[PDB]
Structures are given as C-alpha cells and as structure tokens.
file protein.tsv (TSV, C-alpha atoms)
chain	number	residue	atom	x	y	z
A	1	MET	CA	81.13	193.71	97.05
A	2	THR	CA	82.95	196.56	98.79
A	3	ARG	CA	82.92	194.93	102.23
A	4	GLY	CA	83.51	198.25	103.96
A	5	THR	CA	85.49	199.56	100.99
A	6	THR	CA	88.62	198.50	102.87
A	7	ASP	CA	90.08	196.59	99.92
A	8	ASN	CA	92.06	193.97	101.84
A	9	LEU	CA	93.00	195.71	105.09
A	10	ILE	CA	90.35	196.04	107.80
A	11	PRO	CA	89.59	192.29	107.77
A	12	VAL	CA	93.19	191.52	108.72
A	13	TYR	CA	92.26	189.41	111.74
A	14	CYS	CA	89.59	187.36	109.97
A	15	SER	CA	91.97	186.97	107.02
A	16	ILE	CA	95.07	185.93	108.96
A	17	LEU	CA	93.00	183.77	111.29
A	18	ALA	CA	90.99	181.96	108.61
A	19	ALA	CA	94.26	181.31	106.79
A	20	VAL	CA	96.02	179.68	109.74
A	21	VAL	CA	92.86	177.73	110.57
A	22	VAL	CA	92.28	176.34	107.08
A	23	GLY	CA	95.92	175.45	106.47
A	24	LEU	CA	96.29	173.99	109.95
A	25	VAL	CA	93.32	171.64	109.63
A	26	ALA	CA	94.68	170.73	106.20
A	27	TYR	CA	98.14	169.94	107.55
A	28	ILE	CA	96.64	167.62	110.16
A	29	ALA	CA	93.88	166.21	107.95
A	30	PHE	CA	96.12	165.63	104.94
A	31	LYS	CA	98.72	164.13	107.27
A	32	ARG	CA	96.38	161.88	109.26
A	33	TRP	CA	94.90	160.64	105.98
A	34	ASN	CA	98.36	160.23	104.44
A	35	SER	CA	98.40	156.83	106.14
A	36	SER	CA	97.39	157.29	109.78
A	37	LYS	CA	94.24	155.44	110.83
A	38	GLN	CA	91.09	156.83	112.45
A	39	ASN	CA	90.19	154.38	115.22
A	40	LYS	CA	86.99	156.09	116.36
A	41	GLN	CA	87.21	159.82	115.63
B	101	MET	CA	87.80	186.47	128.43
B	102	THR	CA	84.13	187.45	128.35
B	103	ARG	CA	84.31	189.30	125.03
B	104	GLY	CA	81.06	191.13	125.74
B	105	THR	CA	79.74	188.23	127.80
B	106	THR	CA	78.01	187.11	124.61
B	107	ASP	CA	79.75	183.73	124.49
B	108	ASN	CA	80.18	183.19	120.75
B	109	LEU	CA	77.77	185.58	119.03
B	110	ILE	CA	79.32	188.76	117.62
B	111	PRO	CA	81.88	186.85	115.51
B	112	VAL	CA	79.07	185.10	113.63
B	113	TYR	CA	80.35	186.09	110.19
B	114	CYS	CA	83.98	185.18	110.84
B	115	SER	CA	82.79	181.95	112.47
B	116	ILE	CA	80.36	180.84	109.77
B	117	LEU	CA	82.74	181.98	107.03
B	118	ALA	CA	85.88	180.34	108.42
B	119	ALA	CA	83.86	177.15	108.86
B	120	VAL	CA	82.64	176.96	105.26
B	121	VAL	CA	86.13	177.86	104.05
B	122	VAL	CA	88.01	175.26	106.09
B	123	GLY	CA	85.57	172.45	105.37
B	124	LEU	CA	85.33	173.39	101.70
B	125	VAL	CA	89.09	173.33	101.11
B	126	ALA	CA	89.12	170.05	103.04
B	127	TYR	CA	86.40	168.50	100.87
B	128	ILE	CA	88.35	169.39	97.73
B	129	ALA	CA	91.81	168.72	99.15
B	130	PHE	CA	90.86	165.41	100.77
B	131	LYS	CA	89.05	164.46	97.56
B	132	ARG	CA	91.78	165.51	95.12
B	133	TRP	CA	94.29	163.58	97.23
B	134	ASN	CA	91.96	160.58	97.49
B	135	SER	CA	93.40	159.52	94.13
B	136	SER	CA	93.30	162.51	91.78
B	137	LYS	CA	96.69	163.70	90.52
B	138	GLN	CA	98.23	167.17	90.77
B	139	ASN	CA	99.79	167.85	87.36
B	140	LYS	CA	101.30	171.24	88.20
B	141	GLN	CA	99.25	172.92	90.93
call {"tool": "encode", "arguments": {"input": "protein.tsv", "output": "structure tokens"}}
result
Amino acid sequence: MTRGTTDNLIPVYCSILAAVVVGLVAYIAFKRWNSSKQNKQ
Amino acid sequence: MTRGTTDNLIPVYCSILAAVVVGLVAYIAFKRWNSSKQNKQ
C-alpha cells in the first residue's frame, strides 16, 4: 500500500520506463493492426 | 553491462509488473479497437 512510503517518487525509473514501454508497444501494435498484415509473426 | 552479473534477476518486480501492464493494456486496447467504439475516452 505504501510501497516504501515514497508516494510517487522513488519508483521514477520503473514508472517512466513502464510508461514508454506500454505506450510504445501500443503505438506499434495499434498501428500494425490498423491495417498492416502479420505474415508469420 | 553486467548489472551484478545476475543476468536478469534483481529487476524481477519491474520486469513482471511491466509485462502484465503492457500486455493488459494491449488486451483491452486491441480488443476495444477490434470493433468497440470510443464515445469520449
């Protein structure tokens, strides 16, 4: 619940990283699925 | 480069977490876009 009682701060790397990762995969996944084919992943 | 010579170990929480997060958002995003509408995000 407290997670180190940092209240959004300490976990800056895991937060910024996870964000870029999620969004990134979404930008490519949502784009590739927008119309692009798979052709053997 | 070595990061403790553990080769993917310490960052088990950030790894497992980021994974579930990314995939999750993808399962909902890829599903909602599969046909579901937005109607004001």
call {"tool": "calpha_fit_and_write", "arguments": {"input": "protein.tsv", "fixed": "chain A", "moving": "chain B", "output": "PDB file with C-alpha atoms, in the frame of the given file"}}
result
ATOM      1  CA  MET B 101      80.796 195.815  97.154  1.00  0.00           C
ATOM      2  CA  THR B 102      83.362 198.366  98.314  1.00  0.00           C
ATOM      3  CA  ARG B 103      83.160 197.449 102.001  1.00  0.00           C
ATOM      4  CA  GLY B 104      84.748 200.741 103.027  1.00  0.00           C
ATOM      5  CA  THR B 105      86.746 200.917  99.806  1.00  0.00           C
ATOM      6  CA  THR B 106      89.568 199.332 101.794  1.00  0.00           C
ATOM      7  CA  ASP B 107      89.846 196.277  99.546  1.00  0.00           C
ATOM      8  CA  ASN B 108      90.738 193.540 102.032  1.00  0.00           C
ATOM      9  CA  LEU B 109      91.988 195.296 105.167  1.00  0.00           C
ATOM     10  CA  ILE B 110      89.491 195.541 108.032  1.00  0.00           C
ATOM     11  CA  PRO B 111      88.879 191.764 108.125  1.00  0.00           C
ATOM     12  CA  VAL B 112      92.565 191.153 108.854  1.00  0.00           C
ATOM     13  CA  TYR B 113      91.913 189.047 111.951  1.00  0.00           C
ATOM     14  CA  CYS B 114      89.196 186.892 110.401  1.00  0.00           C
ATOM     15  CA  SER B 115      91.364 186.548 107.288  1.00  0.00           C
ATOM     16  CA  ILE B 116      94.631 185.638 108.997  1.00  0.00           C
ATOM     17  CA  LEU B 117      92.813 183.428 111.502  1.00  0.00           C
ATOM     18  CA  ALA B 118      90.671 181.532 108.992  1.00  0.00           C
ATOM     19  CA  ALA B 119      93.816 180.973 106.930  1.00  0.00           C
ATOM     20  CA  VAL B 120      95.860 179.431 109.746  1.00  0.00           C
ATOM     21  CA  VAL B 121      92.843 177.360 110.776  1.00  0.00           C
ATOM     22  CA  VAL B 122      92.052 175.954 107.333  1.00  0.00           C
ATOM     23  CA  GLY B 123      95.657 175.179 106.458  1.00  0.00           C
ATOM     24  CA  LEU B 124      96.347 173.740 109.902  1.00  0.00           C
ATOM     25  CA  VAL B 125      93.423 171.304 109.820  1.00  0.00           C
ATOM     26  CA  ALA B 126      94.529 170.437 106.283  1.00  0.00           C
ATOM     27  CA  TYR B 127      98.117 169.729 107.348  1.00  0.00           C
ATOM     28  CA  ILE B 128      96.883 167.370 110.063  1.00  0.00           C
ATOM     29  CA  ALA B 129      93.985 165.901 108.092  1.00  0.00           C
ATOM     30  CA  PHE B 130      95.997 165.371 104.905  1.00  0.00           C
ATOM     31  CA  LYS B 131      98.806 163.922 107.024  1.00  0.00           C
ATOM     32  CA  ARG B 132      96.664 161.641 109.196  1.00  0.00           C
ATOM     33  CA  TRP B 133      94.999 160.334 106.034  1.00  0.00           C
ATOM     34  CA  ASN B 134      98.353 159.954 104.271  1.00  0.00           C
ATOM     35  CA  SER B 135      98.569 156.574 106.006  1.00  0.00           C
ATOM     36  CA  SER B 136      97.776 157.060 109.694  1.00  0.00           C
ATOM     37  CA  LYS B 137      94.710 155.189 110.957  1.00  0.00           C
ATOM     38  CA  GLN B 138      91.643 156.580 112.726  1.00  0.00           C
ATOM     39  CA  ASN B 139      90.906 154.152 115.569  1.00  0.00           C
ATOM     40  CA  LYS B 140      87.749 155.855 116.838  1.00  0.00           C
ATOM     41  CA  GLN B 141      87.892 159.576 116.056  1.00  0.00           C
TER      42      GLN B 141
END
call {"tool": "residues_around", "arguments": {"input": "protein.tsv", "residues": "residue 19 of chain A", "least_positions_apart": "3", "cutoff": "12 Å", "atoms": "all atoms listed in the file", "output": "ChimeraX atom specification"}}
result
/A:11-16,22-26 /B:114,117-119,121-122,125
call {"tool": "atom_distance", "arguments": {"input": "protein.tsv", "atom1": "atom CA of residue 20 of chain A", "atom2": "atom CA of residue 120 of chain B"}}
result
14.4 Å
call {"tool": "atom_distance", "arguments": {"input": "protein.tsv", "atom1": "atom CA of residue 38 of chain A", "atom2": "atom CA of residue 138 of chain B"}}
result
25.1 Å
call {"tool": "axis_aligned_box", "arguments": {"input": "protein.tsv", "around": "segment 4-17 of chain A", "padding_each_side": "8 Å", "output": "JSON"}}
result
{"center_x": 89.3, "center_y": 191.7, "center_z": 105.8, "size_x": 27.6, "size_y": 31.8, "size_z": 27.8}
call {"tool": "closest_residue", "arguments": {"input": "protein.tsv", "among": "B:108, B:102, B:141, B:134", "to": "chain A", "atoms": "only C-alpha atoms"}}
result
B:134
call {"tool": "atom_distance", "arguments": {"input": "protein.tsv", "atom1": "atom CA of residue 6 of chain A", "atom2": "atom CA of residue 107 of chain B"}}
result
27.6 Å
call {"tool": "build_atoms", "arguments": {"input": "protein.tsv", "residues": "segment 3-28 of chain A", "atoms": "N, CA, C and O atoms", "output": "tab-separated table (two decimals), in the coordinates of the input"}}
result
chain	number	residue	atom	x	y	z
A	3	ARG	N	82.56	195.45	100.92
A	3	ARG	CA	82.92	194.93	102.23
A	3	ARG	C	83.60	196.00	103.08
A	3	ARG	O	84.68	195.79	103.63
A	4	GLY	N	82.96	197.16	103.18
A	4	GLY	CA	83.51	198.25	103.96
A	4	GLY	C	84.48	199.10	103.16
A	4	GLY	O	85.12	200.00	103.70
A	5	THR	N	84.59	198.82	101.87
A	5	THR	CA	85.49	199.56	100.99
A	5	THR	C	86.89	199.63	101.58
A	5	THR	O	87.59	200.63	101.42
A	6	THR	N	87.30	198.56	102.26
A	6	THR	CA	88.62	198.50	102.87
A	6	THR	C	89.65	197.95	101.89
A	6	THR	O	90.85	198.24	102.01
A	7	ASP	N	89.19	197.17	100.92
A	7	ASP	CA	90.08	196.59	99.92
A	7	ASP	C	91.26	195.90	100.58
A	7	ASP	O	92.38	196.41	100.55
A	8	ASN	N	91.01	194.74	101.17
A	8	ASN	CA	92.06	193.97	101.84
A	8	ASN	C	92.83	194.85	102.82
A	8	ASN	O	93.83	195.47	102.46
A	9	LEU	N	92.35	194.91	104.06
A	9	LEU	CA	93.00	195.71	105.09
A	9	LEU	C	92.30	195.53	106.43
A	9	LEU	O	92.82	194.86	107.33
A	10	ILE	N	91.12	196.13	106.56
A	10	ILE	CA	90.35	196.04	107.80
A	10	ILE	C	90.28	194.60	108.29
A	10	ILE	O	90.70	194.27	109.40
A	11	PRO	N	89.73	193.71	107.44
A	11	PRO	CA	89.59	192.29	107.77
A	11	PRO	C	90.93	191.57	107.82
A	11	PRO	O	91.12	190.54	107.17
A	12	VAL	N	91.87	192.11	108.59
A	12	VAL	CA	93.19	191.52	108.72
A	12	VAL	C	93.17	190.34	109.69
A	12	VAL	O	93.88	189.35	109.49
A	13	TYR	N	92.37	190.46	110.74
A	13	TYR	CA	92.26	189.41	111.74
A	13	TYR	C	91.53	188.19	111.18
A	13	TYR	O	92.00	187.06	111.30
A	14	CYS	N	90.38	188.43	110.56
A	14	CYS	CA	89.59	187.36	109.97
A	14	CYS	C	90.34	186.70	108.81
A	14	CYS	O	90.14	185.52	108.52
A	15	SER	N	91.19	187.47	108.15
A	15	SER	CA	91.97	186.97	107.02
A	15	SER	C	93.13	186.10	107.50
A	15	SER	O	93.30	184.97	107.06
A	16	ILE	N	93.93	186.65	108.42
A	16	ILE	CA	95.07	185.93	108.96
A	16	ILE	C	94.63	184.71	109.76
A	16	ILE	O	95.27	183.66	109.71
A	17	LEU	N	93.53	184.86	110.49
A	17	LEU	CA	93.00	183.77	111.29
A	17	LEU	C	92.49	182.63	110.41
A	17	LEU	O	92.93	181.49	110.53
A	18	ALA	N	91.55	182.95	109.52
A	18	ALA	CA	90.99	181.96	108.61
A	18	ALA	C	92.09	181.20	107.88
A	18	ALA	O	91.98	180.00	107.66
A	19	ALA	N	93.14	181.91	107.50
A	19	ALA	CA	94.26	181.31	106.79
A	19	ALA	C	94.93	180.23	107.64
A	19	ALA	O	95.05	179.08	107.22
A	20	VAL	N	95.37	180.61	108.84
A	20	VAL	CA	96.02	179.68	109.74
A	20	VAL	C	95.12	178.49	110.06
A	20	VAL	O	95.57	177.35	110.12
A	21	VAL	N	93.83	178.77	110.26
A	21	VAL	CA	92.86	177.73	110.57
A	21	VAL	C	92.76	176.72	109.43
A	21	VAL	O	92.99	175.53	109.63
A	22	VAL	N	92.41	177.20	108.25
A	22	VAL	CA	92.28	176.34	107.08
A	22	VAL	C	93.53	175.50	106.88
A	22	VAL	O	93.47	174.27	106.91
A	23	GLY	N	94.67	176.16	106.67
A	23	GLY	CA	95.92	175.45	106.47
A	23	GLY	C	96.19	174.44	107.56
A	23	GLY	O	96.53	173.29	107.28
A	24	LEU	N	96.05	174.87	108.81
A	24	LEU	CA	96.29	173.99	109.95
A	24	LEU	C	95.50	172.69	109.81
A	24	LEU	O	96.09	171.61	109.74
A	25	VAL	N	94.18	172.80	109.77
A	25	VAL	CA	93.32	171.64	109.63
A	25	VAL	C	93.73	170.78	108.44
A	25	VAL	O	93.60	169.56	108.47
A	26	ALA	N	94.24	171.43	107.40
A	26	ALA	CA	94.68	170.73	106.20
A	26	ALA	C	95.97	169.97	106.45
A	26	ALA	O	96.15	168.85	105.96
A	27	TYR	N	96.87	170.57	107.23
A	27	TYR	CA	98.14	169.94	107.55
A	27	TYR	C	97.94	168.69	108.40
A	27	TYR	O	98.67	167.71	108.27
A	28	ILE	N	96.94	168.74	109.28
A	28	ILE	CA	96.64	167.62	110.16
A	28	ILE	C	95.76	166.59	109.45
A	28	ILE	O	95.94	165.39	109.61
